[PDB]
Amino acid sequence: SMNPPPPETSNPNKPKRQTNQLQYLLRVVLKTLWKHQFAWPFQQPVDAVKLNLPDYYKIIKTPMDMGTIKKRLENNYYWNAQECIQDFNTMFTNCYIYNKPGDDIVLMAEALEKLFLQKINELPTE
């Protein structure tokens, strides 16, 4: 069973805007998580073939990852902060759906999520 195509990261016909919140989401929220010691499972789409997880995409129908988010912000794909916040939340939730409580990745996701929630709690006014 193969991997799906990655999520789209640009669309040349979408409108573009740069807002306070979108800047913060790339420069503060994504930056912080991306440079963290636990970012690496989350920096690219899950390759279920190379990572030997053949049921991954039987279970996870809305994949998401921070490499995709990073490119969506750099490309001005998002119009609203909430689109980006939703993507982060999808990413974390997928991890919690798929992986078992003993797995290190679960606690790594919990730690990153907590950082994420701190930074989103400080989302600058719109």
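Residue numbers here begin at 1 and follow the sequence given. C-alpha atoms forming the largest set that superposes within 1.5 Å between two forms make up the rigid core.
Q: Which of the two stretches, 71-79 versus 96-104, has its Cα atoms farther on average from this form in 7 other deposited structures of this protein when everything is superposed by the rigid core?
A: With the rigid core superposed, the C-alphas that lie farther in 7 other deposited structures of this protein are those of 96-104.
Q: Line up the rigid core: which moves more in 7 other deposited structures of this protein, 14-22 or 106-114, by C-alpha RMS?
A: Looking at 106-114 and 14-22 in 7 other deposited structures of this protein, the bigger mover is 14-22.
Q: Taking the recorded C-alpha temperature factors, which stretch has the higher mean, 39-47 or 97-105?
A: Mean CA B-factor is higher for 97-105.
Q: Comparing 25-33 with 51-59, which has the greater mean CA B-factor as deposited?
A: Comparing 25-33 with 51-59, the higher average CA B-factor belongs to 51-59.
Q: So if I compare the CA B-factors in the entry for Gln82, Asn89, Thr68, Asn75, which one is the largest?
A: By C-alpha B-factor in the record, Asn75 ranks first.
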